[PDB]
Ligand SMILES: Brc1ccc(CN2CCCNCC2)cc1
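Below you will find one chain, with nothing else, as C-alpha cells; this is the form deposited without the named molecule, and questions on how it binds or moves follow later.
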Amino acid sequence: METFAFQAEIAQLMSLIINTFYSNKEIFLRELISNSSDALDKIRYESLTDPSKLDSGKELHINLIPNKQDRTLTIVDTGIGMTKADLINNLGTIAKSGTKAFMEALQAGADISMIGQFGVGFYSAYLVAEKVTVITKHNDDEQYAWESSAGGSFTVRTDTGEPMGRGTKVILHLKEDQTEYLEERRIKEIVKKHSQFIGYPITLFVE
C-alpha cells in the first residue's frame, strides 16, 4: 500500500463537501452513474477501432449493489477503467483544475449540484460516504484499489480481490445517517429522477 497527499485545492473541496450543510445529497448517485457512463462510452468508442479491446468483456453495463450488513453501496461498471498513472497522476491534474473552476463558479453563486460540470462529480460521493474505495482495471494495467477517507491522503495498492476483467467498482462506505441510500425504493426513486436516460443497462440489485 502506497500513501499520497492530496494537493491543497482538492483537499479543501473534500473538506467543504464533508463539512457544509446541504440537504440534496442524492445527487451523488447521478454523478457516479455519469462517470460510469463516460467510462463505458470511452471503451465502446475505442472498441470501434480495435474490437480486441472488448476481449476483457463485451458487456457494457452498470450495477448498483446495496449491502445493509456492511453499510455499503457499490457501483460497478464495465467501462474503460483507470491505470495506476490515471489514479495517481492524470486524475490529480484534473482534480486540481476542476476544483479551481468549481470553487470560482461557487463564489459567483453556483450550486453544489453543478459539480459534474467541472469534471469532479466523483467527489460528491463524500456527501454520503465516510470512505470511498475505487477498484479498477484498465486493459493496459493491473487491478488497483484507490481509497480515501479524506483527511488529506489517499492510498493506492495492487488489488488481490475478485478479478474484474475490466471496469470500475466504487464502494461507498456510508455515513451512519445516510442509510436511506441502501433502500431499494430510495435508489429506484433517484435513478428514475436523474439517470433514466443513461445509455447502458442499470441493474439495481436487491438483498
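Shifts are known only where both forms have a C-alpha. Numbers for residues come from their place in the sequence shown, where the first is 1. Under this definition, the rigid core comprises the largest set of C-alpha atoms superposing within 1.5 Å between the forms.
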- [ ] Take the C-alpha B-factors listed in the entry for 159-167 and for 173-181, compute each mean, and give the stretch with the larger one.
- [x] 159-167
Task: 144-152 set against 42-50, stretch whose average Cα temperature factor tops the other in the entry - done: 42-50
TODO: Name the residue from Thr74, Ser113, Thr99, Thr136 with the greatest C-alpha temperature factor listed in the entry.
DONE: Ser113
TODO: Determine, from the deposited record, the chain-internal third of the Cα B-factor for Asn67: lowest, middle or highest.
DONE: middle
Open item on the list: Going by the CA temperature factor in the PDB record, which third of the chain does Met1 belong to: lowest, middle or highest?
Closed with: highest
TODO: Would you mind ranking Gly121 by its C-alpha B-factor against the rest of the chain and naming the third, lowest, middle or highest?
DONE: lowest
Open item on the list: Taking only the Cα B-factors deposited for this chain, tell me whether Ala108 sits in the lowest, middle or highest third.
Closed with: highest
Open item on the list: Can you tell me whether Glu59 has a C-alpha B-factor in the lowest, middle or highest third compared with the other modelled residues of the same chain?
Closed with: highest
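Below, we turn to the form solved in complex with the named molecule, even though it does not appear here.
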Open item on the list: With a cut-off of 4.5 Å between heavy atoms, is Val206 one of the residues that contacts the named molecule in the entry with it bound?
Closed with: no
Open item on the list: So, a 4.5 angstroms cut-off on heavy atom distances: do all three of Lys188, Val191 and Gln196 pass it with respect to the named molecule in the entry with it bound?
Closed with: yes
TODO: Tell which of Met103, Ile112, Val76, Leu91, after superposing on the rigid core, has its C-alpha displaced by 2 Å or more between this form and the one not shown, please.
DONE: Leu91
- [ ] Classify the change in Cα distance between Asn90 and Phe154 in the entry with it bound as closer or farther, relative to the shown form (magnitude of 3 Å or more).
- [x] closer
- [ ] Work out whether the Cα atoms of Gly92 and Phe154 come closer together or move farther apart in the entry with it bound than they are in this form, the change being 3 angstroms or more.
- [x] farther
Open item on the list: After superposing on the rigid core, which segments of 3 or more consecutive residues have every C-alpha shifted by 2 Å or more between this form and the one not shown?
Closed with: 89-93
